[PDB]
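Heads up, the chain below is alone and in the form deposited in one PDB entry; it's given as structure tokens.
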């Protein structure tokens, strides 16, 4: 293995060549924002609930940014489900649904960013970095939309027109590609259960579980989007995520302090 061999493989051989892929896997690994944490504020689970849920989380963000660098992504929610229902009934493809979902996540980023504006925290609507380095350095937090930018190029699911990569995947992929140290999904549930706690009478809380163990028990598409679990198994930087209840006061603050609130999902 050497730099010269990787160069010659990159020039002579196709990118699909197994030997070229193996040589590229040996390259050095640079983290762009190693000391930052990516947080997703759920759309339907948090922001759609109004001030009773959003105001305490605004307070935790303002308080926690004194000691942590925060990338704050927003979910979509019921307005995106309404758009998905209208467009699916028309037979519109997943690529169009993806564009509609982005606008709802943009809406929630606006509302959250306007409550944080007097604390200096900006919305990363308009550019896609450099707004992020400068703000993380000076103000320690940014707000962005959690929807991936695939738009009409959205990879469709096996069946149906609902985009399989939404705000959970968008926030995680940003955490993985920036080499962040932590990924926290802020929902309206304490964590993962053996069943759906809203529609099940006897479910059991799971403090920690791996992706392989979740698949072996039928929990693939539950509290997290099911492609996020597969992306997690392929990740190099973010090898575990944490799901916490945003409706509990101080849960985001304590999760950022290293407390094992909620459910930790590991890649292996």
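Residue numbers count along the first chain shown, from 1. Only residues modelled in both forms are compared. By rigid core we mean the largest C-alpha set that fits within 1.5 Å across both forms.
- When the mean C-alpha temperature factors of 218-226 and 43-51 are read from the deposited coordinates, 218-226 comes out higher.
- Higher mean CA B-factor, judged across 240-248 and 21-29 from the recorded values: 21-29.
- Reading the B-factor column for the CA atoms of 159, 106, 176, 168 in the entry, the top value corresponds to 159.
- Among the modelled residues of its chain, residue 101 has a C-alpha B-factor that falls in the lowest third according to the deposited record.
- In this PDB entry, residue 63 carries a Cα temperature factor that places it within the lowest third of its chain's modelled residues.
- Sorting the modelled residues of the chain by their CA temperature factor places residue 82 in the lowest third.
- Among the modelled residues of its chain, residue 124 has a C-alpha B-factor that falls in the highest third, as given in the PDB entry.
- The PDB entry assigns residue 57 a C-alpha temperature factor belonging to the middle third of its chain's modelled residues.
As for the form deposited in another entry, it is not shown, yet the points below apply to it.
- Rigid-core fit between the shown form and the other one: of 111, 86, 195, 134, the one residue whose Cα shifts 2 angstroms or more is 134.
- Here residue 160 does not count as shifted, since its C-alpha moves by less than 2 Å between the shown form and the other one after the core is aligned.
- Relative to the superposed rigid core, residue 120 undergoes a CA displacement smaller than 2 Å between the shown form and the other one.
- Compared with the form shown here, the Cα atoms of residue 126 and residue 231 move at least 3 Å closer together in that other deposited form.
- Panel note: the distance between the CA atoms of residue 134 and residue 41 is smaller in that other deposited form than in this form, the difference being 3 Å or more.
- Once the two forms are aligned on their core, only one segment of at least three consecutive shared residues with Cα displacements of 2 Å or more between the shown form and the other one appears, at 125-138.
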